[PDB]
Amino acid sequence: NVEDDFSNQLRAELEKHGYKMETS
Amino acid sequence: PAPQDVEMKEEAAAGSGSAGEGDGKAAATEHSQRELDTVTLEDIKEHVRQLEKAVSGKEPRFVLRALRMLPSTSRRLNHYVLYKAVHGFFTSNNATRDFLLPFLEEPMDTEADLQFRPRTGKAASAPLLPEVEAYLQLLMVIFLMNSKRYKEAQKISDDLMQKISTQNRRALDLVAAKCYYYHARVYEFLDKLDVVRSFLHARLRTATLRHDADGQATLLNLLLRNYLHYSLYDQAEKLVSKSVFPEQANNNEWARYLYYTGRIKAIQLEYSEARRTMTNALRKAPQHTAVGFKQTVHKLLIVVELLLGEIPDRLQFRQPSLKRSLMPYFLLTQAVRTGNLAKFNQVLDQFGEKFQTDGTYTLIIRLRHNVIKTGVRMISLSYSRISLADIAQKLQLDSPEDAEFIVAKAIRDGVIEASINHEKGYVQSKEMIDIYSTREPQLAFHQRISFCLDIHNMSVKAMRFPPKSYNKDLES
Amino acid sequence: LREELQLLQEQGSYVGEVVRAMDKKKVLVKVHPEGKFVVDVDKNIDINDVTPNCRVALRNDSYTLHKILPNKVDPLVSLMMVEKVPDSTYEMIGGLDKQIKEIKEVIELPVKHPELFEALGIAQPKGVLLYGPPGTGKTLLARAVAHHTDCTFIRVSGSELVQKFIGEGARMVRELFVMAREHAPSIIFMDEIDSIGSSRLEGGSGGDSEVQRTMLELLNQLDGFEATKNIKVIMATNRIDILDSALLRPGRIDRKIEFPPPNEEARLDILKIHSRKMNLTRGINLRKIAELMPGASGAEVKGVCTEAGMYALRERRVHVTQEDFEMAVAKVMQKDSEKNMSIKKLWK
Amino acid sequence: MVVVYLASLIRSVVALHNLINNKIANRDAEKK
Amino acid sequence: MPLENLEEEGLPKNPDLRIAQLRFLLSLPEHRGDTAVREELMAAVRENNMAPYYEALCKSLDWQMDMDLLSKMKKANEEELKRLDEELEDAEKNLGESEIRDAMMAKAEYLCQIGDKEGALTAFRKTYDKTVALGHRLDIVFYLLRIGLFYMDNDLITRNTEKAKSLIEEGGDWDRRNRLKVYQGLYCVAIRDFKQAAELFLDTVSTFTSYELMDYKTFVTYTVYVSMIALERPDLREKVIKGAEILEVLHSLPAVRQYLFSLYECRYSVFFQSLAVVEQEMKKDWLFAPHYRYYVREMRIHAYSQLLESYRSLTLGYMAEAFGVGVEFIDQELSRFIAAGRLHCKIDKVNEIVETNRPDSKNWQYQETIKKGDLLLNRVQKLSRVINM
Amino acid sequence: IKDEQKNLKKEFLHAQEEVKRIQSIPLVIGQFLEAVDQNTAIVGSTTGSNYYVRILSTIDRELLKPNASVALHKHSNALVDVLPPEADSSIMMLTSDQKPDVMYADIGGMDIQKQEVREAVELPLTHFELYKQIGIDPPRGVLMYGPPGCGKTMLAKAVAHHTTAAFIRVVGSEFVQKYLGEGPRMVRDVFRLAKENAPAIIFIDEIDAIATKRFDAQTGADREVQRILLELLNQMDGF
Amino acid sequence: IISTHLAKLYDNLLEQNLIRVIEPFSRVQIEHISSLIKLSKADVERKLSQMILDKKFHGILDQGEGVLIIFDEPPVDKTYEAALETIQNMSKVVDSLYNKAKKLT
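Residues numbered from 1 in each chain as written, not as in the entry; some residues may be left out. Chains lettered and ligands numbered in written order. Part of a larger assembly, values for the part shown. Heavy atoms only, no water.

Structure determination for the deposited model, as stated in its record, used cryo-EM, and the stated resolution is 15.4 Å.

To continue, consider the sheet that holds strand β2 (residues 418-421) of chain B. Residues and elements named next belong to chain B. In space, the three strands of this open sheet follow the order β1-β3-β2, with antiparallel pairing throughout. Every interior strand has two partners, whereas the edge strands, β1 (385-387) and β2, have only one. Going from strand to strand, the sheet's axes swing by 25 degrees on average, the running direction of each strand aside. Note: β2 against strand β3 (residues 426-429), four bridges, orientation antiparallel. Within β3, the residue paired with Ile 420 across the bridge is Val 427. (Pairing = 2+ DSSP bridges. Helix = DSSP H or I, 4+ residues; strand = E, 2+ residues; numbered from the N terminus. Axes fitted to C-alpha atoms, helices over the stretch in contact; angles between N-to-C directions.)

Another point: the arrangement of the chains. Among 11 pairs of chains with at least one contact, chains C and F form the most extensive contact set. Separated throughout, chain A and chain F approach each other most closely at a C-alpha pair spaced 40 Å apart. No part of chain D reaches chain F; the closest C-alpha pair between them is 22 Å apart. (Contact = heavy atoms within 4.5 Å.)

Moving on to the pairing of strand β2 (residues 59-62) of chain G. All names here are of chain G. Neither face of β2 is exposed, since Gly 59 and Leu 61 on one face and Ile 60 and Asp 62 on the opposite face are all buried. Sheet topology places β2 next to strand β3 (residues 67-70); four bridges connect them, and they run antiparallel. By the bridge assignment for β3, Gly 59 is matched with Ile 70. Where β2 hands over to β3, the hairpin turn is made up of four residues, of which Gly 66 adopts a positive phi near 80 degrees. (Buried < 20%, exposed > 50% of the residue type's maximum accessible area, 1.4 Å probe, protein only.)

Moving on to a positive patch on the surface. Residue and element names in this part refer to chain F. Together, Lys 2, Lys 6, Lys 9 and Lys 10 make up a region of like positive charge exposed at the surface. Its place among the elements puts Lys 10 in helix α1 (residues 2-23). The exposure class of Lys 10 is exposed, given its relative accessible area of 52%. (Patch = residues over 30% accessible without salt bridge, like charges linked within 9 Å, V, L, I, M, F, W, Y side chains within 5 Å. Areas by Shrake-Rupley, 256 points an atom, 1.4 Å probe, with all protein chains shown as cover. Salt bridge = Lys/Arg side-chain N within 4 Å of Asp/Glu carboxyl O. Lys, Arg positive; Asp, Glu negative; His and termini not counted. Charge placed at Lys NZ, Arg CZ, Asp CG, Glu CD.)

Residues and elements named next belong to chain E. One pass over the structure, following the stated rule, counts 39 aromatic pairs over all chains. Judged by centre distance (6.3 Å) and plane angle (40 degrees), the ring pair of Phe 194 and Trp 286 falls under tilted. Of this pair, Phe 194 sits in helix α10 (residues 194-204) while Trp 286 sits in the loop between α15 (269-283) and α16 (292-310), and the two are 92 residues apart along the sequence. Note on accessibility: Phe 194 and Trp 286 belong to one class, buried. Centre to centre, the rings of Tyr 225 and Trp 286 are 6.1 Å apart; their planes meet at 75 degrees, and the pair counts as edge-to-face. Of this pair, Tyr 225 sits in helix α11 (residues 216-230) while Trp 286 sits in the loop between α15 and α16; the two residues are 61 residues apart in sequence, bridging distant segments of the chain. (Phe/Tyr/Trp six-rings, centres within 6.5 Å; stacked < 30°, edge-to-face > 60°.)

The structure is reproduced here in C-alpha cells:
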C-alpha cells in the first residue's frame, strides 16, 4: 500500500545476491 | 433560586414542540422538522444545560410545567428526576426546578398549541392525547442514562413506551417516531434477556395501515438491538431480510440502522452485503456529537471490509485520533497482508479483551480464513500461472493440497476466482481481456444508469420540499 | 412567448434628440440622420419634462416621445479618452513639496469655492501658464487636481484634430466653451507642443498658439466670466520662445509656474515606480541611471525602463540583466547630450 | 439538492420558533 | 547556512546510516552558533536515534556534547533573545520608517540561527511593509521562513510562506526567487508529497546562489532524484545527460543518472545496480522524509512500463535476464503494482510466457471508466439518502 | 396541473416556431452602442439611425454589452442576435501572397537593424507569455524612421516571412469615403479583424494622408479625413 | 552545431529505413529489418524499443515469435480520453458534497 521502505531494504539485499549469480 | 433553570429549559422545548406537532397535523412538513430535530434540539439540551446554576438539566422542566398531567410514564420518569413522592436516582434542585413545589414559575404563558400545564389537567377530550404524551416521554428517555439512573426507569420506557402510542393517526405517529429513537440509544447500552418484543411487534403492524413511514423505521432499529442482547442469530436474520428500510426517518437513525445490520450479517460470512452498510454508516453519522458511536463503528468497519478479501487503508486507522485503539485493527490488516498465521493468531488473543468490548470479537474469529485467502487472490490476480508449491511457502501453509482446498471453497462463491489444474500442479487464473468487441459493457452501464434513475426523480422531488415548508411557515 | 408574436410588431422605435423644447405644447425632435419632426406632447412628458439638448427614446409609431432617455453622452469625456492620459497623483514627483503645493493653489481653490478668489481680489484664473520642458512630471500634477475637483481634463496636444464641432481653430474657442460650460466645470488642458505647420509657425509660432491667443483674450472678457470664471483655460508648453507675447502678458496670467529641465530626483522617482513591475537582478543601481542623463522630455524618462525590459525580452531571459538598463540609458543619453553642439532630435 | 438543503438547515430554528407568534397574530389581524 | 543543519540532522534519522552519524551532526552547531536550532531539532525528530549530549543519553548515541559547546549554546541563545527585547522596546518610540526596520534586521541573521519562533513572530512581520531596497526585503522574509521548517509544525511554516509570496514578484529578483522554491519544496516533502516538491525543484537548478542555501553540488543531485519520482523516463533522462547538468557540475550525478540511463538503453541490468547507490547517497540524508517508498515504487513501475509498452508478449526468460534480478523477486515486486493498478501485465510462470495488456484503443479506457465509476457511485448512494432526509 | 405542465411544453415549441419567422431576415446590422437596461438596449445602425430596441430572448444578455456587430429588426424592433466584431471588414489581406523580393534569409545585411526588427515585430506573436511576464510601460505605436530606401519597411516584411504570420497592407487606400460617417468606422473594422486574425501585423506605409496637419472641415470630404485620424489613435492605444 | 544535426541525422535515417520495412509487411521477419537497416538482429530490436515508447510508427515488436507487427492501434480515442478526466473530477466534487452534507446530520 504505503510504508514500503522498511521491507524495501530487505528486498534490495536479497535481490542483489540473486542479481549477481543470474545476470547476463 | 436560579432564573436559568426556569427561563431556558421551558422556552427552548416550547417552541420546538408546538411548531412540530401543529405543522405535522396540518401538512407534510417532515423534511424541515427532521433537520431541526437531530442537530439543534439534542445539542442545546444536552451540553449547555448541565452547567447552569444547578446540577444537571436536559429539559425536565417542560416535563414538569407543560406536563399537562398525562396518563404517560413521562410523569413517572419525572418523579425520579426531581422529588414528588420519591427522590429516585437523582436529587432535586431547590434552585427552582422543584417537583416538590409544583406550580412554580412559568415564562411560557397561555397558548394551547404551545402546551401549558395549569391551563388543563388532561388532554383526553381530543385525538391530541398520543402526540403530547409521546413528546414529553421523548424528553425523558435521553436523560435517563446520562444522569446515571438505573433499575426501574429503563424498563418502563421499553414496554410502556410502546403502550402510549399504538392507536395513532399520521401526525401522532410522527411525533412518537422521535420518541422511540432517543429510547433506542439508551437501549443498546444495557442488555436484557427480558422480552420487550410483544408490544413492539403488535404496534408495528397496526401503524403501517394508520399511516407514517418514520414510526416504522425506528421500531426496526430497536428491535435489531433486542436480538443482539439475547445473542440469537436466528431471530435477527428474520428481521433484516423482511425489511428493505424506507428513507423517511432522520440521518442519525439511518446510521444506527446500518451499523446494527452490518454487524450481525458478517458472522454468517456475508461480508459482501455488510461492508456496504458499514461504510454508509460511518459517513451517515453526525459531527462531534456522534464521536462516541463513531469510534465503535470505525472498529467494526475495518473488520467487515477486511473480511471481504480487501486489505483496508493504513491512513484510516491513523487519522480519527483513536489511533491507539485502532492499533490492533491495523496489525490484523498487516497479518492479512503477509498471509502469516502466527502474527494474526497471537494478536487476536492479546487484544481480545479490547475487541470483546467493541462487540467486534465474533467477526474477528472469521478473519482467520481471510489471512491466507487475501494472499492467494493477490498473487494469482497479479501473475496468472504460479505453481502450487510457491503459494504454500508464501502463506505458510501445510501443503500444496492445503492451498488447493482454499481455492475450492472460494471458486463457487467467486473471491479468489481461479482454478487448480493438477495437470502439472499449478493454479491458473480465469482472466482474459477485450470486452469492447462484445455486447457485455452495455449491460454494465445499463444497470448503473437504471439504478441512478430512480434516485434522479427523487432528487428533483425532494429538493423543492424544504424551502416550500419554510415559505408556508409564518415568519417575522 | 405566444403574446410576444403580437408585441414585437410596431413601426419601429428610435433614439432621437430634442434640439429644443417649445412653449407651444409641441416638442421638436430630430432623428439622427433624418430631418426635424414636430410631434405633440405625450402623457409621459409635457414641457417641464423635456428641456433643450436631451437625447430621448422615441416610439417611431408617430415619432412620439416614449420616455426621456437616462443615457446622455458628454463630448468632454470622449475627448479626454481618445487622446489618452494615464492619471497620476502627488506621490510620483513627491518630495518637491513647493512644486505640488503651487498647482493645488491655482486650480483647486477657485473651482471648488469661487469665494476664496473673490476675497483675494484678483479675477478667478483665466490664463495659468505652466511652462518648461516635460519629464519633470508637469502634466501629471494637473491630472491629479483635475480628477479630485471633478473637472474633465481635456487634452489638446497642439491639434485641431480634437476639434470636431467645426474642426478649425478660432471657432474652437466658442463651441468648445459652450459645451464645456454646459457640463461644467472643465479644465482645458492645452498642450502647445507647436510641431504643426510650416506656415502656421509664421502665424503665431504654432497653429495651436494662434488658437490659444484667441481663446485667452476673449474668455477673460466674455459675459460675466472674468471674476466669475470657472472653465479654466490652463496652458502648457515645452519652451517659452514658442509663445506669443500676448500669453506672456502679466495681466492675463494670474500665476506662472516654472519647471526646470529634467532633474535627477525626477528620474530616480520614475525608475523606482517602474522597477516594482520590472524584474531585477543583483547589482543594479537606479542612482547611476538618474545621474548620467541630461534629459529633455516626457517621452524619454519612461523610455529607459521600457528599453531595459525589451532588451531582456529579445534575449529571452526573465531577469532583467544588469547591462539592459545601461544600454537603454546609454542610447537615449547619447542623443540628448549631442544636441547643445548641433541640432538633432529623437524623432523625424 | 445540496445547496437548498444547506440554506434550509440555517433557516430552520428561526423560521419554526417565529411561527407560533405569527400564527396568533394572524387570527386576530384577520377580523379587522 | 542554517539549511546545512537539516541535511546533517537527516543523516542519523535515515535507515541507511545510524550511530556514527551524530558526531558529524554535532560539529555544525558549535561552528555556526546554530546550537538552539540543533536542540530544537531533537524534539522535531521525536526519537529516531538523536540527542548527543553529556547532559543526557551519553552512551545511547555513544557520542556526547562538549562542555564548550554547552556554555556557547547558552551564551549565543541568550544574547540574541537579550538584544531582541531592547531593540523591540527602543524601536517603537522613534521613527517607524528607519528605526524599526533596521532593528529587526540586525536581529534577524541571528534570530533564525537560533530558530526561536516566539521572538520571531512579532519582530519579523514589521520590517516588510515599508519599502527600501527591494532585494533586501526578499532576503529577510527568507530568514523568517527557516525557523518554521525546523519544528515541522504545519501551521507555522504555511504562515511564513505567504509573506514571501507577496514580496517575491514585487522585487522581481529572479536570483532571490529561486531561494523561495527551495523552502516550499522542503515543506512539500515534509507532509508527504515529493510530487509537488519536484515541480518547484526543477526550476531552482537554472540559476543558483549558494547564500542561505547549502551547496550547489548537494542541491543538483537532490533535484534530479526528486524530479525523477514525479516525472517519467523520456523527459528527465534527456535533460540530465544530453543537456548541460553532468558536464557543468563536473560529475556528482553518476548515481541518479545511471538509474535513468538503463531505462533509455533497454538494458535493465544497470537499473538494478543503480538502486542501492542512489538510495544512500542522494535520497537519504533527509530530515523532511527519508521515505524510500515513493521514490522506489515509482521507479520500479517506470522500468516495467516501457517494457510492457514495447511488446504484446514476452518470455519470462527474457524478463529475468534483462533485469538480472531473479524470477521470484521480479514476480514479488510486480504483485504490488498490478494489484494497485500502476501496471497491468501477468506472468504465466509455469510455462514461462508473460502476456501484456496494451494501453491503446477504447478497451483499456473502458476498464478505467469503470474504476472511477464504482467509487463515485458508492459515494453517490450515500449522498442521495443523507441529503433527502 | 401535472398533465397541464406537459401541455404547456408543447405550447413553448409552437410559439418558438412562430416567433422565429419574425426573428430572421430582413435583418439590418448595427454596432452595439450602449445598454440602457437588460431588457431594452440602444444599438446604432450603419445608415446612422440610432435605435431603441427590445432584446429578444434567444441569446444571453450578459454577452450583449461589448462593442461588436449586432442585428436589429427594421420594424419588428428586436435585438435578435449578437454577431462577432470580426464581421464588418472590407479590407483585403495578403498574408505573404505577391511575395516581396526580400526575406530575412535572403539578406545577410542590415545586421545592426536585424536586432531592432526582431524585437519589435516578432516577439509578441511567437511568445506573448514572455512579454507579459517582464512588466513594461508599453508604447502605443512604434515608429520606424530614417530617409526612404533605407530598408525600414523592407525589413519589417522580411521578418514577417521568416515568422510565418499574416500581413495586412493598411494604408489610406484601403479607407473608403463616400458617405458621411463611413470613414472612421472603416478604421474600427481593420483593427477588429487584426485582433481576431492573430498572429498578424498591421503595417502603415504612409500615414501621410491618414494624418494631415490641415483639417478645414467645412466640406464633407475634409470632415471625414479628420475623423479617420481620431479613430486610428484611439484603437491603437488598445491594440 | 554538429551535436544537434548529427542527432537529427541518425534518428532520421533510422526512421526512413523503418518506414519502408513496415509499410507493405505486417509480421515482417527480423532478418529483413536487420538487413535493410544494416545492423545485427539484437541491435535493431533494442533501438526499436525506445522508438515504440515515443510511438513514432504506432506498432509493436512481438518477442514471442520474434516478428515486428505494424497495425492501426492508435493511442486512446477523443471521447473516452476526455471523459476519463471528467469522471476523475466528479470524484473530488462528490467528496466536497459529503463535507457539506455533514451539517444536515
